[PDB]
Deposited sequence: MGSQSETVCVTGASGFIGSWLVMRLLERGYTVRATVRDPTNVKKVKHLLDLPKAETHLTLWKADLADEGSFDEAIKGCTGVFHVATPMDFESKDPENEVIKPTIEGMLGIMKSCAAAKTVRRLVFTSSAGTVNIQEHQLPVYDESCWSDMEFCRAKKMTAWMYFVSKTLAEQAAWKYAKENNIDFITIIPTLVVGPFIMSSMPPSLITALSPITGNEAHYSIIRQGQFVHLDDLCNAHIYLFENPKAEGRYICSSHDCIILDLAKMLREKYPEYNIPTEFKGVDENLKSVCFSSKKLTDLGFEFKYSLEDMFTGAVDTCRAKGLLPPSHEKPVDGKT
């Protein structure tokens, strides 16, 4: 059958296409710029890309642009998201894009299910942290707007887009699933540095401005995540939002896993404002596992796959 994947040039999108191709789907991968060799080379190099992968130019800002790509699809995987005035440059596009792709799905008449990649930023952005988050939990928009932490506009954009999308999904018998990853970490097929690896390997690179997100962190392996995407597309019992997250630990525990694996790097021992009495916040993937889905990887796997791919590509120095 034929499935569309938006944001195929990205870290999650390209890995998902790979997996969908390996499982024997015919894939329509969407990109904003098909002439960009540094993004399409990696797509066109995937197994079965010659016979089962087609490329489609589309942009979330352009109303109707996903129309033709989606027409004749049985499934859509909406992974793409827009990345000075955030309210209009990021927020509105994301919501409109989202609706735009369900409109395009309905216009298509052939889509049986739409799977949206959401964000942990839709779940736990509030001032007080619960010890365990689940799918009934939603982020606090007034806290986002009033405090404006790093990435606030992506918290707000994805929360609003997913809620706007659920409205539409119930209205129009559009059968909609959402998957909520926490920090996605793993090897990758792209030659640019995955954004979430800038955050995950921050203990190594010393990028302080990324610590807050891993102070109390949650993690999922890219391959577990893509599988979860396909599983949920297929498994017709699937309903609702699904958290996809395999590990949680505070930054001390992360950094401590890393030091032991990577003596080679200058991985600090203590972090500002972080007691060992800091509780870890877990994202419960019970709803997903109760369906039957199983996680195949470990925190160690994630960061090994990551650091190995990053050095191989010259994105990380081999030591400090």
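Asker: May I ask you to mark the stretches of the deposited sequence that the structure leaves without C-alpha coordinates?
Answerer: Several regions go unmodelled: 1 to 5, 89 to 92, 330 to 337.
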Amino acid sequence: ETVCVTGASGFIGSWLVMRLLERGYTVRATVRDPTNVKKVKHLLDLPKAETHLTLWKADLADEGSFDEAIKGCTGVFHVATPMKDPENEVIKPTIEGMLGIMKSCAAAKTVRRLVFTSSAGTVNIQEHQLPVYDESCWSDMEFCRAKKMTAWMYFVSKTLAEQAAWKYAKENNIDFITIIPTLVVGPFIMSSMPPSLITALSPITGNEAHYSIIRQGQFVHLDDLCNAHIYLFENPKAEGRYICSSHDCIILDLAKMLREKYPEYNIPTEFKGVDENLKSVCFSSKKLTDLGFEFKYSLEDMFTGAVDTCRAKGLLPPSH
From here on, numbers count along this sequence of modelled residues.
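Note that the rigid core is defined as the largest set of C-alphas that superpose within 1.5 Å between two forms.
Asker: Between 245 to 253 and 141 to 149, which one shows the bigger average Cα displacement from this form in 4 other deposited structures of this protein once the rigid core is aligned?
Answerer: Most displaced of the pair in 4 other deposited structures of this protein: 141 to 149.
Asker: Find the stretch among 88 to 96 and 111 to 119 with the larger RMS C-alpha deviation in 4 other deposited structures of this protein, all structures being superposed on the shown form by the rigid core.
Answerer: Comparing 111 to 119 with 88 to 96, the one that moves more in 4 other deposited structures of this protein is 88 to 96.
Asker: Which is higher in the entry, the mean Cα B factor of 167 to 175 or that of 210 to 218?
Answerer: Higher mean C-alpha B-factor in the PDB entry: 167 to 175.
Asker: Comparing 106 to 114 with 157 to 165, where is the mean C-alpha B-factor higher?
Answerer: So the stretch with the higher mean C-alpha B-factor is 106 to 114.
Asker: Hey, out of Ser280, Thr54, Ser285, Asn277, whose CA B-factor is highest in the deposited coordinates?
Answerer: Going by the entry's C-alpha B-factors, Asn277 comes out highest.
Asker: Between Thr81, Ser136, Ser196, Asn235, where does the Cα B-factor run highest in the record?
Answerer: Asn235 has the highest C-alpha B-factor of those listed.
Asker: Lowest, middle or highest third: which one holds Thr26 when the chain's residues are ordered by CA B-factor from the entry?
Answerer: Ranked within chain, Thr26 CA B lands in the middle tercile.
Asker: Just say lowest, middle or highest third for the CA B-factor of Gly97 relative to the other modelled residues in its chain.
Answerer: Within its chain, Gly97 is a lowest-third residue by C-alpha B-factor, going by the deposited values.
Asker: What third of the chain does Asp248 rank in for C-alpha temperature factor, lowest, middle or highest?
Answerer: Its C-alpha B-factor belongs to the lowest third of this chain's values.
Asker: Tell me, lowest, middle or highest third: where does the Cα B factor of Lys71 rank within its chain?
Answerer: Ranked within chain, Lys71 CA B lands in the highest tercile.
Asker: Would you check the entry's CA temperature factor for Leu291 and let me know if it's in the chain's lowest, middle or highest third?
Answerer: Highest third of the chain for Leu291's C-alpha B-factor.
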